[PDB]
Protein chains: 2
Amino acid sequence: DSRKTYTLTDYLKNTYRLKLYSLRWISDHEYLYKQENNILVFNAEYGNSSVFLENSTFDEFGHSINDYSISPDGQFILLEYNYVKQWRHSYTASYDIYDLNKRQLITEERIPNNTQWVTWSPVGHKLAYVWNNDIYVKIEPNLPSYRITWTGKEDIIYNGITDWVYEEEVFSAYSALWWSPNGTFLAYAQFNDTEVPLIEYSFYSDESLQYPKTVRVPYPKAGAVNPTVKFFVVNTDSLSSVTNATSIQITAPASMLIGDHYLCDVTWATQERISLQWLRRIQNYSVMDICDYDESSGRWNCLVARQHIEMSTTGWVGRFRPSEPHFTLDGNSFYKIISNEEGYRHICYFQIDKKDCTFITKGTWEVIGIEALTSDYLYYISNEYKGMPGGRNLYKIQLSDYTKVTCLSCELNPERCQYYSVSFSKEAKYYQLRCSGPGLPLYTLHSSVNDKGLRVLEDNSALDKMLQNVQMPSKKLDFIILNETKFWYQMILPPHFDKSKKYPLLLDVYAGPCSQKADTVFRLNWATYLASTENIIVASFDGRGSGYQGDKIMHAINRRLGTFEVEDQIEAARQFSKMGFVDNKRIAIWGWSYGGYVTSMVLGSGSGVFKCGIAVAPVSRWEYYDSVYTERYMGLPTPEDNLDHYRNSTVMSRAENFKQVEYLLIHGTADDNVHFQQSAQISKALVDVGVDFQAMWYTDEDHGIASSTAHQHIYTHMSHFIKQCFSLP
Amino acid sequence: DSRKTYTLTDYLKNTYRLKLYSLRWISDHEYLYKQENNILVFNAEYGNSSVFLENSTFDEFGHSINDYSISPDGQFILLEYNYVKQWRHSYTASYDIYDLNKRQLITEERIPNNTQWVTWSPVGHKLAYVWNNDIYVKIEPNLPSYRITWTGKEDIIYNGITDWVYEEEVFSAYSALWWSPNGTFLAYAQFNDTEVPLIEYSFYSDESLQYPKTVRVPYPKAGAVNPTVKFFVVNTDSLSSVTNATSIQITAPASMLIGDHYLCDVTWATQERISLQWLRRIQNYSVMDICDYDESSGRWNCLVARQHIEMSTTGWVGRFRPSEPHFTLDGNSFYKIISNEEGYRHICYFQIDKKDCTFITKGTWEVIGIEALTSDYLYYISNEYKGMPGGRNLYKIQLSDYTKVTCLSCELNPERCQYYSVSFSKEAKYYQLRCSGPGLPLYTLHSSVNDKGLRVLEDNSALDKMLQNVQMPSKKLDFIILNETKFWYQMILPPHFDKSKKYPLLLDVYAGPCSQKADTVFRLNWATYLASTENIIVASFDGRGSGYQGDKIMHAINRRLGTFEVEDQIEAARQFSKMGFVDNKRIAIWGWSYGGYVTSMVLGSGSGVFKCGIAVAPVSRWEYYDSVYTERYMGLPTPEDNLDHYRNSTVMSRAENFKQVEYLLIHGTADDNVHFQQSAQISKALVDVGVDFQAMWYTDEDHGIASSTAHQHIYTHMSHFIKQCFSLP
Ligand SMILES: *[C@@H]1O[C@H](CO)[C@@H](O[C@@H]2O[C@H](CO)[C@@H](O)[C@H](O)[C@H]2NC(C)=O)[C@H](O)[C@H]1NC(C)=O
Ligand SMILES: *[C@@H]1O[C@H](CO)[C@@H](O[C@@H]2O[C@H](CO)[C@@H](O)[C@H](O)[C@H]2NC(C)=O)[C@H](O)[C@H]1NC(C)=O
Ligand SMILES: *[C@@H]1O[C@H](CO)[C@@H](O[C@@H]2O[C@H](CO)[C@@H](O)[C@H](O)[C@H]2NC(C)=O)[C@H](O)[C@H]1NC(C)=O
Ligand SMILES: *[C@@H]1O[C@H](CO)[C@@H](O[C@@H]2O[C@H](CO)[C@@H](O)[C@H](O)[C@H]2NC(C)=O)[C@H](O)[C@H]1NC(C)=O
Ligand SMILES: *[C@@H]1O[C@H](CO)[C@@H](O[C@@H]2O[C@H](CO)[C@@H](O)[C@H](O)[C@H]2NC(C)=O)[C@H](O)[C@H]1NC(C)=O
Ligand SMILES: *[C@@H]1O[C@H](CO[C@@H]2O[C@@H](C)[C@@H](O)[C@@H](O)[C@@H]2O)[C@@H](O)[C@H](O)[C@H]1NC(C)=O
Ligand SMILES: *[C@@H]1O[C@H](CO[C@@H]2O[C@@H](C)[C@@H](O)[C@@H](O)[C@@H]2O)[C@@H](O)[C@H](O)[C@H]1NC(C)=O
Ligand SMILES: *[C@@H]1O[C@H](CO)[C@@H](O)[C@H](O)[C@H]1NC(C)=O
Ligand SMILES: *[C@@H]1O[C@H](CO)[C@@H](O)[C@H](O)[C@H]1NC(C)=O
Ligand SMILES: *[C@@H]1O[C@H](CO)[C@@H](O)[C@H](O)[C@H]1NC(C)=O
Ligand SMILES: *[C@@H]1O[C@H](CO)[C@@H](O)[C@H](O)[C@H]1NC(C)=O
Ligand SMILES: *[C@@H]1O[C@H](CO)[C@@H](O)[C@H](O)[C@H]1NC(C)=O
């Protein structure tokens with residue numbers, strides 16, 4: 001075999017690029033696709049298309065357009081530029097509205113610069129945006145905006161947008177506004193961070209900045225003061241009729257008001273019915289209110305007879321939060337993924353005014369998500385196929401006969417495709433399937449009326465050809481039995497894997513709650529190069545605490561992070577040793593964030609199993625991480641609750657054991673998520689016990705250390721360290 | 001040789017300690033010396049002593065005493081405890097006063113806690129202390145204090161104490177208080193930092209601190225707004241408990257008030273005459289004012305006829321600032337070290353009412369400092385002996401005949417002693433000589449009348465006995481000639497040095513303006529271990545910009561930092577490499593602070609002479625350093641002044657040239673002097689050009705990285721790096 005191998009430069013330069021097929025449904029019949037810098041519109045049924053927007057339309061715009069957004073009625077397009085990223089989802093940008101019909105740009109009553117969020121109404125072309133922490137609404141793109149709130153205050157009062165912790169841990173979005181189905185009402189959340197402590201750190205910026213800037217962010221660490229929240233609904237149809245439309249507040253249940261709580265879900269059911277889910281700071285109790293508009297009082301009332309409670313005795317509620325409801329068209333019933341009596345998450349059917357739901361699916365597997373719902377069918381993704389927790393397939397279940405369940409993707413290409421994600425058209429008339437492994441990604445279009453494949457959108461044939469001239473590694477996905485329980489793992493094996501030989505092994509770990517590192521997804525990453533070029537076996541293992549396998553496994557680390565998930569990774573290392581093809585003298589471990597925490601906990605366990613390890617932006621002490629995430633699994637860091645385990649699960653307390661291993665600690669100085677503070681304390685602890693180790697800080701990089709140059713630099717640095725640790729005499 | 005070598009542990013554990021003999025003159029006949037915790041009083045003429053303070057006197061004090069300060073009359077003793085260090089000289093503490101007469105500690109009107117500075121009057125036992133930025137005076141230790149100033153305000157107004165920059169760069173002291181000879185007047189300066197920007201950086205503290213703290217220090221970087229200053233004098237003999245004391249201000253000369261300036265020196269001439277030197281922000285022009293107290297008006301007048309100007313056309317004034325004047329008994333004239341027409345620093349004799357001073361010493365060598373003055377002789381230290389710049393001896397010059405100069409230490413012990421410092425008694429009746437090299441430190445006491453050598457106070461015979469059982473390195477001090485000029489260097493040579501062999505070489509560099517790294521001083525440091533145990537030659541070179549050799553050499557880098565001093569280190573190494581005993585393939589370079597800057601500039605010069613290098617807390621861009629030090633040599637960073645060279649002398653611009661060298665960058669995160677920012681910018685530049693390097697941050701360590709654990713950890717990390725770099729493949 002004289003073929004080249006997949007090198008580090010290949011990975012860092014992205015020589016072998018996976019092609020994608022990102023489309024945007026604009027209706028139940030067509031979608032927009034960007035090709036040749038121009039926006040094309042495709043007819044799903046026949047595959048024919050037209051030039052929706054010539055790539056030359058805005059050559060003299062004067063700005064590089066970051067993204068586009070077509071109004072629901074296709075009459076206008078929102079141009080986004082001057083994009084400036086903030087956290088994981090938040091960012092600010094400038095916007096110009098283009099009239100597609102008059103093929104002219106709107107220059108009157110423009111959306112202001114430094115806008116925090118903007119979104120079209122579900123129908124028509126109304127606009128709601130947040131600027132300087134206040135909400136504004138534009139009925140017509142060229143007309144003056146109506147101000148909705150006057151409380152907005154930087155880092156203090158957030159209207160229509162989330163604060164740091166709500167963005168990252170609760171809504172996974174910066175937006176905190178929800179239009180009603182036909183756009184009449186605009187609902188929104190308001191966060192008050194007045195007493196939330198601030199994390200502060202330096203930002204050096206370009207060399208030209210003489211004095212470092214101090215970034216300050218309202219961020220509640222474990223047990224600190226959380227932001228408070230309020231919910232409001234305003235009738236946008238009355239804006240042009242009244243000088244100041246009233247925002248009607250919907251107060252949280254008394255069961256929530258008794259203490260700290262969170263607004264965790266907002267979902268409209270009908271034009272005049274909205275559901276809200278609240279969660280107690282002690283995340284094992286959630287309440288869902290279903291509220292109707294009272295046309296006579298202009299108020300929103302939530303009948304207790306329509307209030308649903310969801311709690312957990314073994315852990316927290318939901319995988320990462322209470323699941324969202326999926327309402328029937330009439331809004332009188334909904335479907336929700338919840339853990340059944342066996343601890344497996346399945347779809348339960350609810351009548352809004354009946355507290356007991358009916359499970360429509362069941363078994364020793366789990367529903368991953370509900371993708372679409374029609375009057376006759378509900379489509380969902382699950383890992384039922386072949387009992388593989390790391391596989392994903394699309395299923396269709398007949399609402400009039402639950403025994404009728406069809407897997408729409410399982411047999412499309414069983415050898416190449418075992419992991420799917422889907423994208424349905426507006427009314428689920430068509431759906432695009434996205435296969436992401438174990439083979440190369442395959443994109444296909446299908447018609448729901450007969451479930452027939454319409455055509456292949458992208459099969460990555462080009463890339464496949466290229467990879468032929470390369471000695472690519474292989475992936476082994478299997479399981480090992482521990483205490484009569486099955487635990488999955490995967491190994492990226494180097495080319496020509498020979499079981500009679502001894503290969504050095506690198507344990508790629510994450511292991512956070514409900515995590516999954518053993519799956520059927522195909523990836524071109526650092527591990528690819530390590531296996532391919534350095535002949536290193538890169539393994540990952542899903543032990544206790546991992547998700548998609550039922551609550552018995554997932555809740556195993558409840559109130560006890562830093563234990564079972566850590567111990568199991570070590571045991572997994574021993575197990576792989578027993579397999580016979582591993583050089584026990586060369587076993588390393590590495591991880592990012594939670595993975596860095598587990599890596600450090602393992603390296604400081606004194607097991608003697610690992611020779612070296614690399615921790616990137618690791619958590620080191622739970623009281624340093626945020627409240628929402630941490631408390632969900634750890635409760636409160638108080639004597640009366642769980643302070644003892646909080647203080648017993650730190651990386652610092654194991655400092656002395658690092659004398660037995662080679663350690664590389666890496667962290668970006670501008671990490672707003674896992675603060676540099678966390679690694680700063682690890683290093684100080686190691687220095688205090690006289691432990692030598694390697695370190696690397698990345699100036700102004702955040703938790704992702706993803707800038708082009710930093711990305712190349714960190715993996716290069718880590719490669720040298722791994723090669724050095726495995727180098728033989 | 002079977003003897004042990006001087007190991008890294010020996011250095012880190014202080015196994016081989018130099019004995020000292022720190023004495024405190026209390027008169028012209030006696031001195032205090034702490035021996036075994038008990039304070040003894042010695043008679044200089046006979047050497048007999050008595051116990052002044054029992055070491056058991058405060059057994060039940062309840063506080064670990066940090067230091068003692070006996071009043072001039074010996075009636076009281078200030079006990080310092082609860083010491084909390086701030087910057088290089090500043091710190092706060094608690095004080096209690098013990099009455100040696102009543103043999104009891106005063107409990108009435110005790111000095112407050114968190115006192116910033118305290119000092120006895122020159123004679124008697126009055127006290128003056130600063131608390132919360134305000135000055136207080138106590139005529140008697142057990143009496144109520146009189147508040148002198150009421151404007152004190154943290155980080156804004158400083159009365160009697162210096163701000164960050166004045167402490168570090170001007171007075172090298174936290175105190176800004178100056179008692180008159182007999183204690184009548186108390187002079188002080190007031191600093192206003194109102195508009196001085198603040199440097200901000202994080203302090204993590206103990207693990208228990210959930211949120212890192214943000215330290216903020218008024219720190220003027222190059223070209224930024226500087227603190228303003230005012231000078232005051234108050235009569236402590238006319239203080240009242242009913243009315244507030246009256247402070248008389250002495251304004252600066254008009255030639256200073258025309259722009260930004262500094263107060264750079266305060267020295268009392270007589271009971272009613274005080275001299276002050278002011279320096280323009282453009283530090284090549286200073287002025288001395290001589291002010292006399294007017295008993296009639298009770299004010300201070302500074303006659304213009306008694307004004308003395310000191311300027312420089314080749315660089316700045318003084319080594320690091322204008323020198324201090326030494327007044328005669330009557331205070332009608334004074335001696336001061338200034339650069340002569342040849343650019344060599346010599347002693348000039350001034351008449352307060354005359355503009356032209358007369359040089360009393362001359363030659364191609366320099367006077368280091370004036371040590372004592374009587375009516376017949378002026379005693380000073382100089383490097384004249386044997387034309388050795390790095391040597392130092394004590395001389396006395398007959399005031400009536402300047403041709404009569406006598407060296408008092410040159411021939412005491414030429415082989416062991418070539419570097420001295422001295423301590424004269426109150427009226428120069430006796431002097432203690434401190435020999436610090438090239439042999440082991442030797443402390444001796446002498447009498448001035450006939451310069452008799454009375455006795456040996458400490459000869460370090462114990463250490464000599466220990467070192468005899470160790471393979472100690474030797475030191476070679478020599479010179480090389482560059483462009484007709486002689487430049488000195490030193491090499492720490494490993495034991496049994498064999499010129500027929502090749503040794504790797506480490507260039508230990510500092511190279512700052514007026515620096516001297518090539519001298520005759522005996523040291524036990526990292527280099528001692530590198531030469532003794534690792535057989536590494538550690539060399540240092542004093543090129544252009546170095547001091548004590550005249551302004552032609554020192555001012556060579558005027559307005560040009562980062563040029564000739566960097567070039568000369570490369571040239572020196574290039575020449576050392578051509579010597580037969582140096583392995584040109586294994587030459588490294590390392591430095592701390594300014595040494596880190598030069599080390600970085602050298603490694604990024606592309607010379608190809610150095611294989612690896614280590615930079616600790618390096619300056620990387622002059623606009624990042626403070627104004628007083630930076631501007632002294634670089635002028636202002638403005639287009640009209642010297643901005644271009646500020647921008648061309650950064651480490652960052654040379655990032656690409658680090659491609660072929662191994663580099664280790666280290667820096668404490670709490671460095672208040674050379675901000676972590678400087679290294680944060682270096683790392684970012686290296687990352688931006690794809691250059692790999694080694695790094696290490698020290699959580700919460702300042703510029704000294706001197707905490708016990710951090711000290712051992714950094715030198716251990718650097719040792720591994722050096723050995724690895726010099727490892728024979
Ligand atoms: C955000 O919450 C703070 C409380 O932390 C509110 O501030 C209080 O407001 C009341 C009413 O004006 C005052 O009497 C209190 O003195 C305030 N306390 C504080 C902490 O400042 C604030 O009103 C809230 N903001 C909004 C818009 O709801
Ligand atoms: C629209 O109505 C809101 C709510 O009443 C007004 O906001 C109040 O303004 C007063 C006076 O400025 C404050 O004392 C209240 O605290 C505000 N309440 C809230 C919830 O913000 C707002 O000023 C009105 N806008 C207009 C244009 O009249
Ligand atoms: C969107 O839904 C809203 C609420 O159902 C509609 O507004 C109501 O319309 C009915 C007539 O169908 C009126 O009797 C009510 O007074 C309206 N109330 C509100 C909320 O303003 C609205 O018409 C719908 N949009 C359209 C026209 O499709
Ligand atoms: C310290 O210096 C500041 C200026 O740097 C002085 O404040 C100024 O005072 C004058 C007169 O009161 C005002 O007109 C200015 O606006 C002030 N400057 C500012 C803050 O912008 C201050 O008085 C000085 N403090 C002392 C005790 O001398
Ligand atoms: C310290 O020096 C001062 C100033 O010379 C002395 O005080 C002066 O004493 C004379 C009397 O000899 C008075 O006429 C002056 O008015 C005093 N000056 C003042 C304070 O304005 C003081 O006595 C000296 N201290 C001692 C006693 O040695
Ligand atoms: C796509 O093409 C449509 C017409 O397609 C033709 O007629 C249908 C009934 C079939 O017979 C088909 O095979 C023929 O090609 C247009 O109506 C439609 O606007 C086109 N869509 C776009 C976006 O170009
Ligand atoms: C030191 O001793 C002094 C007396 O010493 C004696 O007298 C002098 C004149 C010489 O003849 C000497 O040889 C004798 O031993 C004391 O007066 C003095 O207080 C002592 N000093 C201290 C502080 O111990
Ligand atoms: C946005 O800011 C730019 C300046 O960069 C200005 O020219 C433009 O007119 C502004 N437009 C808006 C939204 O007001
Ligand atoms: C929720 O958690 C708290 C704290 O651990 C516990 O006391 C309470 O019983 C739990 N409630 C549920 C839903 O079981
Ligand atoms: C200094 O602080 C201690 C601790 O509170 C206190 O006991 C003592 O009285 C204080 N001293 C003074 C001078 O106030
Ligand atoms: C002294 O000055 C301070 C500050 O102005 C003032 O508070 C105090 O009352 C004055 N003392 C008297 C009574 O003269
Ligand atoms: C002082 O230095 C400045 C800056 O170079 C220069 O312009 C000026 O002429 C110098 N004056 C003296 C004292 O020679």
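Counting of residues begins from 1 for each chain and follows its sequence as written, which need not mirror the entry numbering; any residue without coordinates is not displayed. Whichever chain is written first becomes A and whichever ligand is written first becomes 1, with later ones labelled in order. Heavy atoms throughout the structure, all of them, feed into the side-chain values; hydrogens and water do not.

Attention now goes to the site of ligand 2. Residues and elements named next belong to chain A. We define proximity as follows: a residue is near a molecule or strand when any one of its heavy atoms falls within 4 Å of that partner. As a structural note, the neighbourhood of ligand 2 is formed by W150, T151 and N244. Between ligand 2 and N244, the relevant distance is 2.3 Å, taken from an oxygen atom to a side-chain nitrogen or oxygen of the residue. Protein chains bury 25% of the 580 Å² of accessible surface belonging to ligand 2 in isolation. Polar contacts, as counted here, are pairs of nitrogen or oxygen atoms within 3.5 Å of one another; within protein the pair requires one atom able to donate a hydrogen and one able to accept it, and residues that are adjacent in sequence qualify only if both atoms are side-chain atoms. The protein chains shown are the only cover counted for residues, whose accessible areas, like all others here, come from Shrake-Rupley with a 1.4 Å probe.

So, about the UniProt feature "active site" in chain A. All names here are of chain A. UniProt positions are given in the numbering used here, feature names are shortened, and annotations may be inferred rather than shown by experiment. Per the UniProt record, "active site" is found at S593, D671 and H703. Spanning 111 residues, the named residues nonetheless gather at one spot, since no C-alpha pair among them exceeds 10.9 Å. A run of H or I in DSSP becomes a helix once it reaches four residues, and a run of E becomes a strand once it reaches two; helices and strands are each numbered from the N terminus. With respect to the helices, strands and loops of the structure, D671 is situated in the loop between β43 (662–668) and α11 (676–688). Partly exposed residues are those whose accessible area sits between 20% and 50% of the maximum for their type, while under 20% is buried and over 50% is exposed, using a 1.4 Å probe and protein chains only. The exposure class of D671 is buried, given its relative accessible area of 1%. In this analysis, two residues are considered to be in contact whenever any of their non-hydrogen atoms come within 4.5 Å of each other. Once residues lying within four places of it in the same chain are set aside, the contact partners of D671 are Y201, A617, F676, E701, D702 and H703. Engagement of the side chain of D671 in a polar contact is seen with the side chain of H667, the distance being 3.3 Å. With respect to the element layout, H703 can be found in the loop between β44 (694–698) and α12 (708–726). In this structure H703 touches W592, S593, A617, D671, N673 and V674, once residues within four positions along its chain are discounted.

Before going further, it helps to spend a moment on the interface of chain A and chain B. Listed as interface residues are 52 residues of chain A and, on the opposing side, 53 residues of chain B. Carbon and sulfur atoms supply 54% of the area that chain A and chain B bury against each other, a total of about 4,400 Å² over both sides. If you sort the residues of chain A by the area they bury against chain B, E207, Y211 and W697 of chain A come out on top, with a joint share of 19%. We define a salt bridge as a contact between a side-chain nitrogen of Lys or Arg and a carboxyl oxygen of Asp or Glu at a distance within 4 Å. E200 of chain B serves as the salt-bridge partner of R216 of chain A, at 3.3 Å between the closest nitrogen and oxygen. Linking chain A with chain B are 37 residue pairs in polar contact. With nine residues, α11 of chain A is the single largest residue contributor to the side of chain A that touches chain B. Charged means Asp, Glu, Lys or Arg here, nonpolar means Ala, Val, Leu, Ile, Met, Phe, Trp, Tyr, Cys or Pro, and polar covers whatever is left, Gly included. Grouping the constituent residues of the side of chain A that touches chain B by class yields 25 nonpolar, 16 polar and 11 charged. Buried area is calculated as the accessible area (1.4 Å probe) missing from two parts once they are joined, with the contributions of both summed.

A separate point is the state of the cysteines. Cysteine sulfur atoms that pair up within 2.5 Å are treated as a disulfide. Tallied over the entire structure, the rule returns 10 disulfides over all chains. Here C348 of chain A connects covalently by a disulfide to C357 of chain A, the sulfurs 2.0 Å from one another. Taking the sign of the torsion about the S-S bond as the criterion, the disulfide between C348 of chain A and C357 of chain A, at about 90°, is right-handed. In this model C612 of chain B forms its disulfide with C725 of chain B; the gap between the sulfur atoms is 2.0 Å. Because the torsion about its S-S bond is -90°, the bridge between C612 of chain B and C725 of chain B counts as left-handed.

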